[PDB]
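So I've got this experimental structure, pasted below with the sequence.
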Amino acid sequence: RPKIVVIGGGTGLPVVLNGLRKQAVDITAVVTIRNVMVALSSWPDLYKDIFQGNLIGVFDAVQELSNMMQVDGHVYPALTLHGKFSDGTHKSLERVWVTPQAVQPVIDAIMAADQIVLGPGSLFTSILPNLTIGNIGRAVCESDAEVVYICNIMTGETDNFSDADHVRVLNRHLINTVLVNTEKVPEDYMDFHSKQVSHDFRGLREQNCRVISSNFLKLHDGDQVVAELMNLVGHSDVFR
């Protein structure tokens, strides 16, 4: 029974997270929340409907709520973010950091974990503010769990980046495999409703990173994504 630890954000988190739920696995989300709950919540749906309201410290509540909301799994968690720009701390976040102690319970998960997932979500705003915190950032790196990164479908922070650049930006802040979306998001579509992460194989490889390229685009999928996520932790030595 694989052990997946997740760390991401944005509207993409409850998609893949809601994906790991239907699966046989011990889910763990390092958040910093409503979706993360409804997502891993086992509640009917009539109930989940009502939850969406928000009128209902953090760690306590959540850890209380999770169990109130029949959440087979754990959704762990002040702190405030800084940003060290391409100068001056609207421009280009070149490294943000949060200022702090990682809650003993999380690192324990990261450790015993088989697969640590990071993303979807912004690099500097979602994924980093949780890793940057040294104590949790060493767990990702001393772990016998394989780290996997679901690269964003799109791109001041990340303008003109590529799968490579993203990974690079992460590592620099302190990754085993990357889930790269090869599906093309269409002009007139983006027009109808910024750019799309480019694809550079080498830079990604030259970073001791594996490349899993497929169709993760939906108009990421989540189930298609949870698929590679599930095939990954299934054949990995760490799990077997």
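Here it is on my side, so go on. Numbers count the residues shown, from 1 in each chain.

What number of residues are in the vicinity of residue 195?
Residues contacting residue 195 under the criterion other CB atoms under 10 Å number 12. Yep, even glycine has a C-beta here, placed from its N, CA and C like the rest.

leaving aside the residues next to it on the chain, what's closest to it?
Among residues not flanking residue 195 along the chain, residue 155 sits closest, at 4.8 Å (CB to CB, 6 or more residues apart in numbering).

Repeat that for residue 137.
Using CB to CB, 6+ apart, the closest residue to residue 137 is residue 131 (4.9 Å).

Next, give phi and psi for the one you found.
When read as degrees, to the nearest 10, the backbone of residue 131 gives phi -90, psi -50.

what number of residues lie near it?
23.

same question, residue 52
Neighbour tally, residue 52, other CB under 10 Å: 9.

Just give me how far the host helix or strand of residue 211 sits from the chain centre.
In the assignment (DSSP states H and E), residue 211 maps to strand 210-214. On the basis of CA atoms, centre = their mean, to the nearest Å, strand 210-214 sits 17 Å off its chain's mean C-alpha point.

List the pairing partners of it within its sheet, with orientation.
Strand 210-214 has the following strand partners under DSSP bridges: strand 177-181 (parallel).

what's the following helix or strand after the strand it pairs with?
helix 187-192.

May I have that following helix as CSV, with CA atoms only?
Taking C-alpha atoms only, helix 187-192 is exported to CSV below (Å, rounded to 0.1, in the frame of the first residue of the first chain):
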residue,chain,number,x,y,z
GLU,A,187,-4.3,30.0,-29.2
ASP,A,188,-7.9,31.0,-29.8
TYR,A,189,-8.7,29.1,-26.6
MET,A,190,-6.4,31.2,-24.5
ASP,A,191,-7.6,34.0,-26.6
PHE,A,192,-11.2,33.2,-25.9
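
and the helix or strand following that helix, what does it pack onto?
Following helix 187-192 in sequence order, the next helix or strand is helix 201-205 (DSSP H and E). Where contact means 3 or more CB pairs under 8 Å, 6 or more residues apart in numbering; DSSP states H and E, helix 201-205 is packed against helix 163-172, strand 210-214.

Residues in contact with helix 201-205: which ones?
162, 163, 164, 165, 167, 168, 178, 180, 211 (CB atoms under 8 Å, 6 or more residues apart in numbering).

Let's have those in CSV, adding neighbour count and distance to residue 72.
Putting the contacts of helix 201-205 into CSV (neighbours: other CB atoms under 10 Å; distance: CB to CB, whole Å) gives the following:
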residue, neighbour count, distance to residue 72
162, 20, 37
163, 25, 33
164, 24, 37
165, 20, 37
167, 22, 32
168, 19, 36
178, 23, 29
180, 25, 31
211, 16, 33
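
for these, which one is nearest residue 73?
residue 178 (24.6 Å; CB to CB).

In contact with the residue nearest to that closest one when sequence neighbours are not counted: list those residues for me.
Nearest residue to residue 178, sequence neighbours excluded (CB to CB, 6+ apart): residue 149, at 5.1 Å. Applying CB under 8 Å, 6+ apart, we find residue 149 in contact with 117, 118, 119, 166, 167, 170, 175, 177, 178, 179.
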